[PDB]
Structures are given as structure tokens and as C-alpha cells.
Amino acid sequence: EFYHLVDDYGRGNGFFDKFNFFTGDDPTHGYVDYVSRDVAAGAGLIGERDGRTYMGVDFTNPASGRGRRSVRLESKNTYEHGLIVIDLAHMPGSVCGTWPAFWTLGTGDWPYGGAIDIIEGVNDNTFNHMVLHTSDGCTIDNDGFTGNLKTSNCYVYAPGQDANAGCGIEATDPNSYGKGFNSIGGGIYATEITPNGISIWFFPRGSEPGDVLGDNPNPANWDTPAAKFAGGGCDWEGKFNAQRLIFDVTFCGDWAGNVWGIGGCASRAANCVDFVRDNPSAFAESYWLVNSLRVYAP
């Protein structure tokens, strides 16, 4: 009745076995060096921490080569429709120079498969930004969510929007991302994909509904989502195909690197790359700590 489990990602090596580790140059052109599973384990970038799954970055060595070492995991399995529930004890902090993201990417050529940014932000951001990226012909309505809509056109080249800004909604809770999120011991992000739209709920630690982690969660009875992407201005079924889950932490690049000098991180260094390269200790908080990752289907 409602939803049923299709995949419990487990923890540790069993969890890592369900992902492919991306090691190519960063598609978002950041100052990052994505390493293999073996190199990551050898550098302490991945592992298990008291039953929870850890994924972080190099906060020890001055960077060299492509950039600061990190990992990008992309799930082996993909999902058409469903409910993605992640319980995090910790997420990458609001650290200057960083650009963490837990998101989904459709199959096929970009951007026809669509993409969903569930948890994403840059540098010293306070609020989480939930965003969709699609081909042309997809805009969203203004109701059904607690967050504040920033952009309404999901097309990667929407007319007056920055390139690939997509259609984003900003959370109103300062504990929805980074520093605040970690200070309260994290929380739960549930993402629902249907042929009529996408919804994302953020439940700060201890405020989650009693069935969110169980066998049959029912979003219909949950409080208002933080972000809802729906409306007749988009063919929801056609704009998104099978999605794979992705975890990553990049540095500088297209977004973080370009807004480095405009925000509160500007005074830290002349530029993002210099900061990330010479201040390894600043990235200790840039890690994911997963309590559980479960995917359900209608």
C-alpha cells in the first residue's frame, strides 16, 4: 500500500559496491581530483564510521595536479519513478571553495535525461538549493512547497537565467544545508519522482514522519515538501528518464569558482583555486556520513 522497498544500499563496502567511482576530469571543471575506490580508501576518503558510511575529501595535503582529491560515486542501478530517502548524520559543510551535491542524473545525452539536485550548494551557503535541469519546454508552478522559488524555468539555457541555473527552490530552514545541518546532527531528505512532478522533503533530525524509514512510506500524509516541481508547463514524464544516484564534492569550477569573489569567501584568498590548494585543513567538514539510503517504488 503506497510504496515498497526496491533497494537498501546498506553500508560500507556493501554500499560502495553499488556505485561506480567516476575518475574523469570534472564535468563542472572544478579544481578536483576524483580518485578510484582503492586510492580513496588508501587516503581515508571513504570507509565506515561506527556503522555509517563515510565519503569525504583530502583535508591533509596541499593539492597538486587536477586539484584537491575527492570522490564521485554514481549508482549502478537507475530508477524511473520512486522515492529516494537518505538519512544523513553529516553532509559536506558550508566550507569556502567547496561544491557538494547529492543528486540524480538521467540516462542518455545531457540534458535530455534530466537531472535532480536534491542537496546542493557552494562555498559558505546557508540554505539548501533544490534544482532541476532539463531540455527546453519545462517550467514550474509556485505552489505546494515551503521553500522560496528562485528560478521557474528548468531548461539549461532558459532565456534570462545564468547558463544551467535550472529551476531552483531555496529551503527556508538554515539547518537544511552544511553548517546548520551538521550542527543539529543532520536529517532526512526524501525525493519523490512521478509522471506528474517531483517533490523534495527535508526533515531536520528527529522531526521525520514515523514511516519515512520503514517498509511502506506514504508521502501523501507528510507535511508540505520543501520543494515541489509541478505544473502544466512541463512534460514531467518525458523530461526525465531513468535516474542514477550521485554523491560528489567538487571545488571551485563553474559555480563555486565563479561566485567565489562575489560572496563572503572573497576575502579568504585572491581566488578559489589558491584557497583550495593551500588550505587543506579547511576541508575537514567536507564529508557525507550516511545512516541509510533506501529507494522505493510505487
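We number the residues from 1 along the sequence you see.
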Per the entry, where is the mean C-alpha temperature factor higher: 137-145 or 92-100?
-> 137-145
Given 182-190 and 209-217, the range whose Cα B-factors average higher in the PDB entry = 209-217
Could you say which of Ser267, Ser36, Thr53, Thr250 has its CA atom at the highest B factor, as listed in the PDB entry?
-> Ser267
Per the PDB entry, maximal CA B factor within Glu120, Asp87, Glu74, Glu80 | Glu80
In terms of the CA temperature factor given in the entry, to which third of its chain does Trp222 belong: lowest, middle or highest?
-> highest
Of the three thirds of its chain by CA temperature factor, lowest, middle or highest, which one includes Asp235?
-> highest
Could you tell me which third, lowest, middle or highest, the C-alpha B-factor of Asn271 occupies within its chain?
-> highest
Split the chain's modelled residues into thirds by Cα B-factor; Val259 lands in the middle
Temperature factor at the Cα of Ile169, chain-ranked in thirds, falls in the lowest
